[PDB]
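Novice: Pasting a structure here, questions to come.
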Amino acid sequence: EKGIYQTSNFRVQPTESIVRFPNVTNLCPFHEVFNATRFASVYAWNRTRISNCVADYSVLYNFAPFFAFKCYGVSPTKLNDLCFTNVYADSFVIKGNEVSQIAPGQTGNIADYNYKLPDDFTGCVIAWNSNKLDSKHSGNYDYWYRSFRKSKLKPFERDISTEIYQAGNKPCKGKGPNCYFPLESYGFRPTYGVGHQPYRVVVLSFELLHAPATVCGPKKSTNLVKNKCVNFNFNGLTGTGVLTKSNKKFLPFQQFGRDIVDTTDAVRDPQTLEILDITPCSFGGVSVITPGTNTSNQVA
Amino acid sequence: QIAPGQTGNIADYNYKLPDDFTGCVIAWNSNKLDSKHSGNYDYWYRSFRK
Amino acid sequence: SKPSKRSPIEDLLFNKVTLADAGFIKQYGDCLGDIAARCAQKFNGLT
Amino acid sequence: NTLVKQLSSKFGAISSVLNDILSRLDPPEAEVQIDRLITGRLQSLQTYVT
Amino acid sequence: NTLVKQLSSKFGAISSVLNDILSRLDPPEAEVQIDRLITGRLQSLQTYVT
Amino acid sequence: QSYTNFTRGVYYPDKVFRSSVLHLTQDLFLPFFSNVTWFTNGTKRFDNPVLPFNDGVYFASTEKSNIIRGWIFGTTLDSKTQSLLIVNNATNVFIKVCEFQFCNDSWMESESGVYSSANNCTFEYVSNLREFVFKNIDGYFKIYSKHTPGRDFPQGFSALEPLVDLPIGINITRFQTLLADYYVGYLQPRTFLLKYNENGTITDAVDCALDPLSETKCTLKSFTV
Ligand SMILES: *[C@@H]1O[C@H](CO)[C@@H](O[C@@H]2O[C@H](CO)[C@@H](O)[C@H](O)[C@H]2NC(C)=O)[C@H](O)[C@H]1NC(C)=O
Ligand SMILES: *[C@@H]1O[C@H](CO)[C@@H](O)[C@H](O)[C@H]1NC(C)=O
Ligand SMILES: *[C@@H]1O[C@H](CO)[C@@H](O)[C@H](O)[C@H]1NC(C)=O
Ligand SMILES: *[C@@H]1O[C@H](CO)[C@@H](O)[C@H](O)[C@H]1NC(C)=O
Ligand SMILES: *[C@@H]1O[C@H](CO)[C@@H](O)[C@H](O)[C@H]1NC(C)=O
Ligand SMILES: *[C@@H]1O[C@H](CO)[C@@H](O)[C@H](O)[C@H]1NC(C)=O
Ligand SMILES: *[C@@H]1O[C@H](CO)[C@@H](O)[C@H](O)[C@H]1NC(C)=O
């Protein structure tokens, strides 16, 4: 029928794609934790930090097959894009039946007394079966775990106290009148079953919310197009828009900017440190004006 | 690894189900008849892939 | 004598009321300043 | 102002930004996080229109 | 009376009482059950206001 | 000693540039008009105070000689502590971390601490009002500063930019100063309405729980009601 109808929407498509990752250092310090000769006890789990490095996760797939590989907030195969902004890595040895306890929100003697992940946890828990290296025919007693504590642990706390714990009512000193040593050894043996065999667990802990990053990006960068509708990837922030020269007085402190409604409207180029504004590519509704089928097939 | 959403040498290079796959994955232990003391060399996996 | 040929009272009535939506070809504003917020500034699909 | 500001809400998702969900997660997990955002966005739009 | 009555509904949750959900379940499932009760109660308020 | 009265301790809570907005955010801040403890007892001896950490602290020196330069944080302040020794001619420089067994706390002299071994981490970084206003909180000790040149407070508004965010990872139950007119306060969870300028700077703030008015201002997200 004669009239004006709103039928669709125009979008300006990008013509080029860009990636602007920071200068690559070619440092990938991941074999130091995965390929270490000794791992820490779970009661005193080890912690390292990764900064000013570039990661390539194929190396750990080259390192070994794994018993378990569970990521929260991120999936495998997506770690070759920007994957970290602040990097820690925890390392410990645990029992097979307790491997399921290294996960957000779990309870048990390790989740409660030795090592706990926050409920709001982003990262990957990688478990390798280590019987060949950690078990001894007499039992490997270098690994200790805490069995007694007065209260539950909080996320990422490390309780390394060895003070005697009492389960009874009469305050005792020393060991054996209801006073017990808080740690117990586990003698790992080659003859134990899968759930009792030793496992080496590495937990990669990071946050993807912060604007700057000093880690990740095996991807090659491109040249910086400006004043043209393009796709872009700036330190893991992806989108479509027109990039322009900025006159915003960013502090050396600030990395990203946002508009009145808390959506990104500016970035600091990771290689040039120039401030660029982001204007989304033009779009809008499209309406068709027709005299109607019974008059003419011309439209505006 | 024979399940939707899994990764590994088979899920990546030999046999991957759709992530919206429907149907049944049935498996059983064949050691009694399939294995040989000299080794059964009739089975192999691609083990790498671009 | 005035553009739009409004009466003095109409001129006051229009000057007193502040219009936040300001419908026009919003692309004219372009950028070069902090976003006005006029309330999606088109970009979030609200026009 | 309220309808636009609702875009920044998570509604239980890991991130309020759809591109971050698509970048971080593979399809089968992204679909769940996206469905959570879609539900929130429909509630916001239906309330606005009402 | 309808709004108060709706507080006793489960809306698909295992329990209508938040303290029972938090006491009996682990945080991971408890957040889902709470999100279901929040969705139902928020819909009840939106219906009342409309 | 005595207590003072000021509206200080505002800092940029995040790394995101904002301008010409009123931003309502929740973080740990020194509350407005919160009791602040104000501080030559040593002369030639020590007798320095030891303070709690609670959730986090605000500290601001205005001392020509920078007599207080470093700090020790820890669960008990015994032999296994976090000795955050910071000696600075510059704003912040020569940071040290983790435990040392003994401390240095000699007229117009300053002695170094002597320890037998470092059995834990080591970290380093090298760089009339000279107000070293800063904040201490979280798994990383985010130290902020602002220098706005007598030494009495103007009782104005000024925001603090971050200076350093070195990793820490320790309990930090207690706090004490390291010495060779100081203000020390404590942070609490608070929601603030922060006013941003045309430039990337904060010019004012409303403490959303101080009084009924400020709460109304936060409810409306405006400095005018
Ligand atoms: C933000 O900083 C700029 C300088 O980087 C300030 O620019 C001044 O603007 C006034 C008024 O236009 C001029 O008279 C000055 O000469 C400018 N200074 C310089 C160094 O060019 C700007 O005013 C600042 N904005 C605010 C809100 O303080
Ligand atoms: C590192 O991994 C390789 C894998 O072949 C192994 O041979 C080597 O011994 C490992 N390094 C150490 C110190 O064990
Ligand atoms: C623990 O991590 C540190 C990181 O610097 C490393 O030097 C040390 O050898 C590790 N120890 C064990 C037992 O893994
Ligand atoms: C940290 O110190 C507090 C002292 O208030 C203590 O209660 C808590 O158990 C300590 N935690 C660890 C992991 O040392
Ligand atoms: C990256 O390297 C280039 C080499 O030309 C240099 O000009 C640029 O400043 C570097 N950027 C950073 C952030 O190091
Ligand atoms: C369209 O863009 C041209 C660019 O030269 C400008 O002169 C004109 O005023 C613009 N018109 C509108 C309606 O935006
Ligand atoms: C608080 O009281 C002190 C008393 O010396 C005074 O100097 C200060 O100006 C007062 N603050 C305000 C904001 O009135």
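Chain labels run A, B, ... following the order of the structure tokens; each chain numbers its residues from 1, and ligands are numbered from 1 in the order shown.
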Distance limit 12 Å, atoms considered: only C-alpha atoms. Which chain E residues sit that close to chain A? Return them as a list in words.
Specialist: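 Close to chain A, chain E has residues 25, 26, 27, 28, 29, 30 and 31 of chain E.
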Novice: On all C-alpha atoms matched in order, how well does chain E superpose onto chain D? Give the RMSD in Å.
Specialist: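 Least-squares fit of chain E onto chain D, C-alpha RMSD 0.4 Å.
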Novice: Smallest atom-to-atom distance to chain A: which of F:22, F:51, F:193, F:30, using only C-alpha atoms?
Specialist: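 Of F:22, F:51, F:193, F:30, the one nearest chain A is F:22, counting only C-alpha atoms.
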Novice: Could you pull out the residues sitting within 9 Å of ligand 6, using only C-alpha atoms and all ligand atoms, and write them as a compact mmCIF listing (two decimals) with N, CA and C atoms, in the first residue's frame?
Specialist:
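Below is the file pocket34.txt, written as the result:
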# COMPACT_ATOMS: atom_id res chain seq x y z
N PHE C 24 18.24 15.90 14.67
CA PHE C 24 18.84 16.50 13.47
C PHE C 24 19.76 15.43 12.89
N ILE C 25 20.46 15.77 11.81
CA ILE C 25 21.43 14.83 11.25
C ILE C 25 22.61 14.80 12.20
N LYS C 26 22.59 13.83 13.12
CA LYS C 26 23.54 13.79 14.23
C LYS C 26 24.98 13.62 13.76
N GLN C 27 25.20 13.12 12.54
CA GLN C 27 26.55 12.97 12.03
C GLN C 27 27.26 14.31 11.88
N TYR C 28 26.51 15.41 11.79
CA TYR C 28 27.11 16.73 11.69
C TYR C 28 28.02 17.01 12.88
N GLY C 29 27.61 16.59 14.08
CA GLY C 29 28.43 16.82 15.25
C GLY C 29 29.77 16.11 15.15
N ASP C 30 29.79 14.96 14.47
CA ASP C 30 31.00 14.15 14.25
C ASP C 30 31.66 13.82 15.58
Novice: Need to verify the contact set: residue 88 of chain F, 9 Å, only C-alpha atoms, exclusion of same-chain residues closer than 4 positions in sequence. Can you return it as a PDB file with C-alpha atoms, in the first residue's frame?
Specialist:
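Written file, selection.pdb:
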ATOM      1  CA  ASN F  66      61.781  13.517  55.218  1.00  0.00           C
ATOM      2  CA  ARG F  69      60.876   7.526  54.679  1.00  0.00           C
ATOM      3  CA  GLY F  70      60.105   3.785  54.890  1.00  0.00           C
ATOM      4  CA  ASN F  92      59.607   7.389  45.455  1.00  0.00           C
ATOM      5  CA  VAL F  93      62.870   5.457  44.978  1.00  0.00           C
ATOM      6  CA  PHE F  94      64.923   2.502  46.329  1.00  0.00           C
ATOM      7  CA  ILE F  95      61.954   0.312  47.309  1.00  0.00           C
TER       8      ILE F  95
END
Novice: Could you give me, as a PyMOL selection string, every polymer residue with an atom at most 12 Å away from an atom of ligand 3, counting only C-alpha atoms and all ligand atoms?
Specialist: (chain A and resi 29-42+44-50+88-93+142-143+200-202) or (chain F and resi 120-123)
Novice: What do you get as a PyMOL selection string if you pick all residues at most 6 Å from ligand 7, counting only C-alpha atoms and all ligand atoms?
Specialist: chain F and resi 4-6
Novice: Under the rule that only C-alpha atoms and all ligand atoms are counted, which of A:243, A:289, A:126, A:160 is the nearest residue to ligand 4?
Specialist: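 For ligand 4, the nearest of the given residues is A:160.
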Novice: Kindly compile the residues surrounding ligand 4 within 6 Å, counting only C-alpha atoms and all ligand atoms, and format them as a tab-separated table (two decimals) with C-alpha atoms, in the first residue's frame.
Specialist:
chain	number	residue	atom	x	y	z
A	157	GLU	CA	46.37	-17.16	50.79
A	158	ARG	CA	49.44	-19.23	51.75
A	159	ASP	CA	49.43	-20.62	55.29
F	75	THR	CA	51.24	-9.93	60.67
F	171	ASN	CA	48.97	-10.50	55.22
F	173	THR	CA	47.81	-7.09	59.62
Novice: For ligand 1, return the neighbouring residues as an MDAnalysis selection string (distance at most 6 Å; only C-alpha atoms and all ligand atoms).
Specialist: chainID F and resid 197:199
Novice: Tell me, which residues of chain D carry DSSP alpha helix (DSSP H), written as number ranges by chain?
Specialist: D: 2-5, 18-24, 27-49
Novice: Report as JSON, numbers by chain all protein, DNA and RNA residues lying within 8 Å of segment 32-34 of chain C, evaluated on only C-alpha atoms, omitting residues in the same chain fewer than 6 positions from it.
Specialist: {"A": [246, 247, 259], "F": [19, 20]}
Novice: Could you write out the selected residues, including N, CA, C and O atoms, as a PDB file, in the first residue's frame?
Specialist:
ATOM      1  N   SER A 246      43.487  12.162  18.342  1.00  0.00           N
ATOM      2  CA  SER A 246      42.834  12.633  19.549  1.00  0.00           C
ATOM      3  C   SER A 246      43.465  13.920  20.055  1.00  0.00           C
ATOM      4  O   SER A 246      44.668  14.148  19.904  1.00  0.00           O
ATOM      5  N   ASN A 247      42.626  14.761  20.660  1.00  0.00           N
ATOM      6  CA  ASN A 247      43.075  15.939  21.389  1.00  0.00           C
ATOM      7  C   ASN A 247      42.724  15.817  22.868  1.00  0.00           C
ATOM      8  O   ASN A 247      42.679  16.827  23.579  1.00  0.00           O
ATOM      9  N   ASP A 259      33.444   6.966  27.203  1.00  0.00           N
ATOM     10  CA  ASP A 259      32.504   8.056  26.999  1.00  0.00           C
ATOM     11  C   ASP A 259      31.522   8.179  28.167  1.00  0.00           C
ATOM     12  O   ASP A 259      31.691   7.572  29.229  1.00  0.00           O
TER      13      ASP A 259
ATOM     14  N   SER F  19      36.035  12.304  31.274  1.00  0.00           N
ATOM     15  CA  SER F  19      35.968  13.756  31.327  1.00  0.00           C
ATOM     16  C   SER F  19      34.512  14.181  31.245  1.00  0.00           C
ATOM     17  O   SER F  19      33.723  13.582  30.515  1.00  0.00           O
ATOM     18  N   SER F  20      34.204  15.301  31.898  1.00  0.00           N
ATOM     19  CA  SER F  20      32.868  15.897  31.867  1.00  0.00           C
ATOM     20  C   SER F  20      31.772  14.892  32.224  1.00  0.00           C
ATOM     21  O   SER F  20      30.704  14.863  31.610  1.00  0.00           O
TER      22      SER F  20
END
Novice: For ligand 5, list the contacting residues at 10 Å or closer, counting only C-alpha atoms and all ligand atoms, as an mmCIF file with C-alpha atoms, in the first residue's frame.
Specialist:
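What ended up in selection_27.cif:
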data_model
loop_
_atom_site.group_PDB
_atom_site.id
_atom_site.type_symbol
_atom_site.label_atom_id
_atom_site.label_comp_id
_atom_site.auth_asym_id
_atom_site.auth_seq_id
_atom_site.Cartn_x
_atom_site.Cartn_y
_atom_site.Cartn_z
ATOM 1 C CA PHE A 21 50.126 -5.223 19.869
ATOM 2 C CA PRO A 22 53.101 -3.894 21.900
ATOM 3 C CA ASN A 23 56.702 -4.576 20.919
ATOM 4 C CA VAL A 24 57.406 -8.290 21.285
ATOM 5 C CA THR A 25 60.263 -9.292 23.602
ATOM 6 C CA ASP A 269 48.466 2.891 20.811
ATOM 7 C CA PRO A 270 50.629 0.134 22.421
ATOM 8 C CA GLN A 271 53.594 0.909 20.110
ATOM 9 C CA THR A 272 53.390 4.688 19.578
ATOM 10 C CA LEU A 273 51.494 5.740 22.742
#
Novice: Quick one: everything within 8 Å of segment 28-45 of chain B, counting only C-alpha atoms, minus sequence neighbours fewer than 2 positions away in the same chain. Send it as number ranges by chain.
Specialist: B: 10, 14, 26, 47
Novice: Just how far from atom CA of residue 275 of chain A is atom CA of residue 14 of chain A, in Å to one decimal?
Specialist: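 Separation between atom CA of residue 14 of chain A and atom CA of residue 275 of chain A: 20.9 Å.
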Novice: Find the residues of chain B that sit at most 9 Å from chain D; for each, write down the nearest two atoms and how far apart they are in Å, to one decimal. Count only C-alpha atoms. Sort by chain, then by number going up, and give it as JSON lines.
Specialist:
{"residue": "B:4", "atom": "CA", "partner": "D:28", "partner_atom": "CA", "distance": 8.9}
{"residue": "B:5", "atom": "CA", "partner": "D:28", "partner_atom": "CA", "distance": 7.1}
{"residue": "B:19", "atom": "CA", "partner": "D:28", "partner_atom": "CA", "distance": 6.4}
{"residue": "B:20", "atom": "CA", "partner": "D:28", "partner_atom": "CA", "distance": 8.0}
Novice: I need the chosen residues saved as a PDB file, in the first residue's frame, with C-alpha atoms.
Specialist:
ATOM      1  CA  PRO B   4      31.468 -32.025  21.893  1.00  0.00           C
ATOM      2  CA  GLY B   5      33.689 -29.148  22.975  1.00  0.00           C
ATOM      3  CA  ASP B  19      29.486 -28.644  19.222  1.00  0.00           C
ATOM      4  CA  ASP B  20      25.712 -29.048  18.659  1.00  0.00           C
TER       5      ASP B  20
END
Novice: Counting only C-alpha atoms, a student should be able to say which residues of chain A come within 10 Å of chain B; what is the right answer, written as a VMD selection string?
Specialist: chain A and resid 61 65 to 66 69 75 to 77
Novice: Keeping C-alpha atoms for every residue in the selection just given, could you write it to a file as a tab-separated table (two decimals), in the first residue's frame?
Specialist:
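Contents of out_7.tsv, freshly written:
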chain	number	residue	atom	x	y	z
A	61	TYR	CA	51.10	-28.81	24.21
A	65	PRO	CA	49.83	-34.51	27.39
A	66	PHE	CA	47.84	-33.45	30.45
A	69	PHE	CA	43.04	-28.79	31.43
A	75	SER	CA	38.65	-21.25	26.54
A	76	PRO	CA	41.60	-23.10	24.96
A	77	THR	CA	42.64	-21.96	21.45
Novice: Please determine the contact residues of chain D with respect to chain C at a cut-off of 12 Å, counting only C-alpha atoms, and supply them as a list in words.
Specialist: residues 1, 2, 3, 4, 5, 6, 7, 8, 45 and 48 of chain D
Novice: Include N, CA and C atoms and write out the residues we just selected as a PDB file, in the first residue's frame.
Specialist:
ATOM      1  N   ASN D   1      18.283   7.459  28.856  1.00  0.00           N
ATOM      2  CA  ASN D   1      19.521   7.332  29.614  1.00  0.00           C
ATOM      3  C   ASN D   1      19.572   5.982  30.304  1.00  0.00           C
ATOM      4  N   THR D   2      18.443   5.548  30.861  1.00  0.00           N
ATOM      5  CA  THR D   2      18.425   4.261  31.534  1.00  0.00           C
ATOM      6  C   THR D   2      18.578   3.130  30.525  1.00  0.00           C
ATOM      7  N   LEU D   3      17.874   3.220  29.391  1.00  0.00           N
ATOM      8  CA  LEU D   3      17.945   2.151  28.402  1.00  0.00           C
ATOM      9  C   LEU D   3      19.362   1.981  27.879  1.00  0.00           C
ATOM     10  N   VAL D   4      20.067   3.089  27.635  1.00  0.00           N
ATOM     11  CA  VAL D   4      21.438   2.973  27.154  1.00  0.00           C
ATOM     12  C   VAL D   4      22.346   2.461  28.271  1.00  0.00           C
ATOM     13  N   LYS D   5      22.183   2.980  29.496  1.00  0.00           N
ATOM     14  CA  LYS D   5      23.043   2.569  30.604  1.00  0.00           C
ATOM     15  C   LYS D   5      22.907   1.082  30.905  1.00  0.00           C
ATOM     16  N   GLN D   6      21.740   0.491  30.627  1.00  0.00           N
ATOM     17  CA  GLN D   6      21.570  -0.946  30.840  1.00  0.00           C
ATOM     18  C   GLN D   6      22.520  -1.788  29.995  1.00  0.00           C
ATOM     19  N   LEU D   7      23.086  -1.232  28.921  1.00  0.00           N
ATOM     20  CA  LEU D   7      24.020  -1.998  28.102  1.00  0.00           C
ATOM     21  C   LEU D   7      25.264  -2.390  28.888  1.00  0.00           C
ATOM     22  N   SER D   8      25.650  -1.587  29.880  1.00  0.00           N
ATOM     23  CA  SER D   8      26.843  -1.864  30.668  1.00  0.00           C
ATOM     24  C   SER D   8      26.630  -2.955  31.710  1.00  0.00           C
ATOM     25  N   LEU D  45      14.529  -3.717  27.047  1.00  0.00           N
ATOM     26  CA  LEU D  45      13.754  -3.154  25.944  1.00  0.00           C
ATOM     27  C   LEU D  45      12.254  -3.295  26.168  1.00  0.00           C
ATOM     28  N   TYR D  48      11.240  -0.682  28.688  1.00  0.00           N
ATOM     29  CA  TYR D  48      11.256   0.633  28.059  1.00  0.00           C
ATOM     30  C   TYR D  48      10.019   0.841  27.199  1.00  0.00           C
TER      31      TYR D  48
END
